[PDB]
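File shown: query-v2.cif (mmCIF, C-alpha atoms).
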```
data_protein
#
loop_
_atom_site.label_atom_id
_atom_site.label_comp_id
_atom_site.auth_asym_id
_atom_site.auth_seq_id
_atom_site.Cartn_x
_atom_site.Cartn_y
_atom_site.Cartn_z
CA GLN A 1 92.05 153.55 129.79
CA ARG A 2 89.59 150.65 129.68
CA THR A 3 89.83 148.47 126.57
CA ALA A 4 87.92 145.39 125.47
CA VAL A 5 90.20 142.76 123.91
CA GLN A 6 88.63 140.06 121.73
CA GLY A 7 90.39 136.98 120.45
CA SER A 8 91.04 133.35 121.15
CA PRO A 9 91.51 132.34 124.80
CA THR A 10 95.17 131.53 124.12
CA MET A 11 95.85 135.03 122.80
CA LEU A 12 93.96 136.54 125.72
CA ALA A 13 96.01 134.47 128.17
CA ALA A 14 99.20 135.75 126.57
CA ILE A 15 98.01 139.36 126.65
CA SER A 16 96.76 139.07 130.24
CA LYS A 17 99.73 137.12 131.64
CA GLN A 18 97.02 135.05 133.37
CA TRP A 19 95.56 131.74 132.28
CA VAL A 20 91.95 131.85 131.08
CA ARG A 21 89.44 129.10 130.46
CA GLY A 22 90.05 127.42 127.11
CA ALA A 23 93.68 128.49 126.74
CA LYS A 24 96.68 126.30 125.94
CA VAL A 25 98.25 124.63 128.96
CA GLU A 26 101.68 123.05 129.45
CA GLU A 27 102.20 119.75 131.27
CA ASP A 28 105.57 119.04 132.86
CA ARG A 29 105.94 115.49 134.43
CA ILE A 30 106.73 117.39 137.66
CA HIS A 31 103.72 118.00 139.89
CA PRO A 32 103.00 121.77 139.98
CA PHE A 33 102.88 121.86 143.80
CA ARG A 34 106.58 120.96 143.89
CA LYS A 35 107.61 124.10 141.99
CA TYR A 36 108.67 127.30 143.71
CA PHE A 37 106.98 130.61 142.94
CA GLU A 38 109.59 131.74 140.40
CA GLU A 39 109.42 128.42 138.52
CA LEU A 40 105.61 128.51 138.23
CA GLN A 41 104.03 129.87 135.07
CA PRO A 42 100.37 130.69 134.38
CA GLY A 43 99.02 127.70 132.50
CA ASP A 44 101.15 124.96 134.09
CA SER A 45 98.62 122.17 134.34
CA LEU A 46 98.15 118.70 135.81
CA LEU A 47 95.68 115.99 134.80
CA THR A 48 95.04 113.84 137.86
CA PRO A 49 93.97 110.18 137.98
CA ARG A 50 90.32 109.19 138.15
CA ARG A 51 88.04 108.28 141.05
CA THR A 52 84.80 106.37 140.50
CA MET A 53 81.93 107.53 142.71
CA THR A 54 80.00 104.78 144.50
CA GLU A 55 77.00 104.56 146.83
CA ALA A 56 79.54 103.85 149.57
CA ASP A 57 81.03 107.32 149.04
CA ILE A 58 77.64 108.99 149.46
CA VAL A 59 76.94 107.07 152.66
CA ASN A 60 80.40 107.64 154.14
CA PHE A 61 80.48 111.37 153.39
CA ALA A 62 76.95 111.98 154.71
CA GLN B 1 131.92 77.63 140.60
CA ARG B 2 130.62 79.02 143.90
CA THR B 3 132.50 82.06 145.21
CA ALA B 4 132.05 84.19 148.31
CA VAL B 5 132.46 87.91 147.58
CA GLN B 6 133.17 90.26 150.50
CA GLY B 7 133.11 94.03 150.34
CA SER B 8 130.96 97.04 150.91
CA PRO B 9 127.26 96.76 149.99
CA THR B 10 127.76 99.26 147.14
CA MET B 11 130.50 97.13 145.57
CA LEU B 12 128.39 94.00 146.03
CA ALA B 13 125.42 95.70 144.37
CA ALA B 14 127.62 96.60 141.41
CA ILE B 15 129.02 93.08 141.14
CA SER B 16 125.58 91.48 141.52
CA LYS B 17 123.66 93.85 139.22
CA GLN B 18 121.07 93.76 142.02
CA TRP B 19 120.53 96.27 144.80
CA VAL B 20 121.43 95.05 148.30
CA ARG B 21 120.66 96.48 151.72
CA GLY B 22 122.98 99.35 152.57
CA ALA B 23 124.00 100.11 148.99
CA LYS B 24 123.96 103.51 147.31
CA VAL B 25 120.62 104.49 145.80
CA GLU B 26 119.74 107.18 143.26
CA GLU B 27 116.66 109.43 143.26
CA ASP B 28 115.11 110.91 140.13
CA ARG B 29 112.23 113.43 140.78
CA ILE B 30 110.15 110.95 138.72
CA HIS B 31 108.24 108.33 140.68
CA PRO B 32 109.77 104.89 139.91
CA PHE B 33 106.36 103.37 139.08
CA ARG B 34 106.12 105.67 136.06
CA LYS B 35 109.24 104.22 134.43
CA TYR B 36 109.13 101.39 131.91
CA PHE B 37 111.15 98.22 132.40
CA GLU B 38 114.08 99.34 130.23
CA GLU B 39 114.34 102.69 132.05
CA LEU B 40 114.40 101.09 135.51
CA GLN B 41 117.73 100.43 137.18
CA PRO B 42 118.48 98.44 140.35
CA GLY B 43 118.80 101.02 143.08
CA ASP B 44 116.32 103.60 141.76
CA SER B 45 114.72 104.78 144.95
CA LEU B 46 111.90 106.89 146.36
CA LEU B 47 111.49 108.41 149.82
CA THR B 48 107.78 108.80 150.47
CA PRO B 49 106.03 111.31 152.74
CA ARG B 50 105.21 110.50 156.34
CA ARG B 51 102.07 109.22 158.05
CA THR B 52 101.55 109.61 161.79
CA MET B 53 99.87 106.61 163.42
CA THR B 54 96.97 107.40 165.75
CA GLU B 55 94.58 105.44 167.97
CA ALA B 56 91.96 106.13 165.29
CA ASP B 57 94.02 104.09 162.83
CA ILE B 58 94.16 101.09 165.17
CA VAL B 59 90.40 101.22 165.75
CA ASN B 60 89.53 101.70 162.07
CA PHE B 61 91.82 98.92 160.82
CA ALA B 62 90.67 96.42 163.46
#
```
Let's see the structure in the file written out as structure tokens.
Amino acid sequence: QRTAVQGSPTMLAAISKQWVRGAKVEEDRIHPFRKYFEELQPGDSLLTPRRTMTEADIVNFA
Amino acid sequence: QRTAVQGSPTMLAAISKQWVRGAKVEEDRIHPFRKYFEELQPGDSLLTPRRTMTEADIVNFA
């Protein structure tokens, strides 16, 4: 049976067992790529540091 | 008073309250540069990943 489910992204992520855009994440202090499959959970999230784009980057990449 | 202290590097590190070459270290799963001063301890240690040197690296650095 096909069923449309409306709600907040967090509820939809819980219902789906998959993370969706806008849903609550959980940050760990351990980088996610160091976790094994069984330790990973949908929504485990990492905010990386920043990189400022320069004209040098355009020239070097081209 | 000046005193020579002989022993294993681990003992000397304990006596000194400073890490010395050859002494026991301790690893954390948290990068040491993320710790504040009070959380840091002499001997907190990090093994980094590897980088293979190539001829390209010599040319680029020169």
For this session: Check which residues satisfy the PyMOL selection byres ((chain A) within 10 of (chain B)) in the file shown, then give them as a ChimeraX atom specification.
Result: /A:29-31,34
| said: Quick check, in Å to one decimal: how far apart do atom CA of residue B:49 and atom CA of residue B:32 lie? | reply: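 Distance between the two atoms: 14.8 Å.
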Chain fit of chain A to chain B, all Cα atoms, as a compact mmCIF listing (two decimals) with C-alpha atoms, in the coordinates of the input:
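result19.txt, written as the output of this step:
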```txt
# COMPACT_ATOMS: atom_id res chain seq x y z
CA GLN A 1 131.92 77.65 140.60
CA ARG A 2 130.62 79.03 143.90
CA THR A 3 132.50 82.07 145.21
CA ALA A 4 132.05 84.19 148.31
CA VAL A 5 132.46 87.91 147.58
CA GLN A 6 133.17 90.27 150.50
CA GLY A 7 133.11 94.03 150.33
CA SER A 8 130.96 97.06 150.90
CA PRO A 9 127.26 96.76 149.99
CA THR A 10 127.76 99.25 147.14
CA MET A 11 130.49 97.13 145.57
CA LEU A 12 128.39 94.01 146.03
CA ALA A 13 125.42 95.71 144.36
CA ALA A 14 127.61 96.60 141.40
CA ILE A 15 129.02 93.08 141.14
CA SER A 16 125.58 91.47 141.52
CA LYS A 17 123.67 93.85 139.23
CA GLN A 18 121.05 93.76 142.01
CA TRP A 19 120.52 96.27 144.79
CA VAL A 20 121.42 95.07 148.29
CA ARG A 21 120.64 96.49 151.70
CA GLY A 22 122.98 99.36 152.55
CA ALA A 23 124.00 100.17 148.98
CA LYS A 24 123.96 103.56 147.26
CA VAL A 25 120.62 104.51 145.74
CA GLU A 26 119.71 107.11 143.11
CA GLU A 27 116.69 109.39 143.41
CA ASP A 28 115.16 110.85 140.26
CA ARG A 29 112.24 113.37 140.85
CA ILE A 30 110.20 110.96 138.68
CA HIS A 31 108.27 108.35 140.65
CA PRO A 32 109.76 104.89 139.90
CA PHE A 33 106.35 103.37 139.08
CA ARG A 34 106.11 105.67 136.05
CA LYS A 35 109.24 104.21 134.43
CA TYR A 36 109.13 101.40 131.90
CA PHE A 37 111.14 98.22 132.40
CA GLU A 38 114.08 99.33 130.24
CA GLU A 39 114.33 102.69 132.04
CA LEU A 40 114.40 101.08 135.51
CA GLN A 41 117.73 100.43 137.18
CA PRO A 42 118.48 98.44 140.35
CA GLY A 43 118.80 101.01 143.09
CA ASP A 44 116.32 103.61 141.80
CA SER A 45 114.74 104.74 145.03
CA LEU A 46 111.90 106.87 146.37
CA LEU A 47 111.49 108.41 149.82
CA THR A 48 107.77 108.80 150.46
CA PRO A 49 106.02 111.32 152.73
CA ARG A 50 105.21 110.51 156.34
CA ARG A 51 102.07 109.22 158.04
CA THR A 52 101.54 109.61 161.79
CA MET A 53 99.87 106.61 163.43
CA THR A 54 96.96 107.40 165.74
CA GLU A 55 94.58 105.45 167.98
CA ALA A 56 91.96 106.13 165.30
CA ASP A 57 94.02 104.09 162.82
CA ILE A 58 94.15 101.10 165.17
CA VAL A 59 90.40 101.22 165.74
CA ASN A 60 89.53 101.70 162.07
CA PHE A 61 91.81 98.92 160.82
CA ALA A 62 90.67 96.42 163.46
```
Test item: residues at most 8 Å from residue B:25, only C-alpha atoms, excluding those fewer than 6 positions along its chain, as a ChimeraX atom specification = /B:43-45
Given the PyMOL selection byres ((chain A and resi 13-20) around 12), the residues it picks as a PDB file with C-alpha atoms, in the coordinates of the input:
```
ATOM      1  CA  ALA A   4      87.920 145.390 125.470  1.00  0.00           C
ATOM      2  CA  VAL A   5      90.200 142.760 123.910  1.00  0.00           C
ATOM      3  CA  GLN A   6      88.630 140.060 121.730  1.00  0.00           C
ATOM      4  CA  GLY A   7      90.390 136.980 120.450  1.00  0.00           C
ATOM      5  CA  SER A   8      91.040 133.350 121.150  1.00  0.00           C
ATOM      6  CA  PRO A   9      91.510 132.340 124.800  1.00  0.00           C
ATOM      7  CA  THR A  10      95.170 131.530 124.120  1.00  0.00           C
ATOM      8  CA  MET A  11      95.850 135.030 122.800  1.00  0.00           C
ATOM      9  CA  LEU A  12      93.960 136.540 125.720  1.00  0.00           C
ATOM     10  CA  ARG A  21      89.440 129.100 130.460  1.00  0.00           C
ATOM     11  CA  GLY A  22      90.050 127.420 127.110  1.00  0.00           C
ATOM     12  CA  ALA A  23      93.680 128.490 126.740  1.00  0.00           C
ATOM     13  CA  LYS A  24      96.680 126.300 125.940  1.00  0.00           C
ATOM     14  CA  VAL A  25      98.250 124.630 128.960  1.00  0.00           C
ATOM     15  CA  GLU A  26     101.680 123.050 129.450  1.00  0.00           C
ATOM     16  CA  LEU A  40     105.610 128.510 138.230  1.00  0.00           C
ATOM     17  CA  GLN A  41     104.030 129.870 135.070  1.00  0.00           C
ATOM     18  CA  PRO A  42     100.370 130.690 134.380  1.00  0.00           C
ATOM     19  CA  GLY A  43      99.020 127.700 132.500  1.00  0.00           C
ATOM     20  CA  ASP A  44     101.150 124.960 134.090  1.00  0.00           C
ATOM     21  CA  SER A  45      98.620 122.170 134.340  1.00  0.00           C
TER      22      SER A  45
END
```
Separating atom CA of residue B:46 from atom CA of residue B:27, to the nearest tenth of an Å, is a gap of 6.2 Å
A straight line from atom CA of residue B:58 to atom CA of residue A:57 spans 21.7 Å
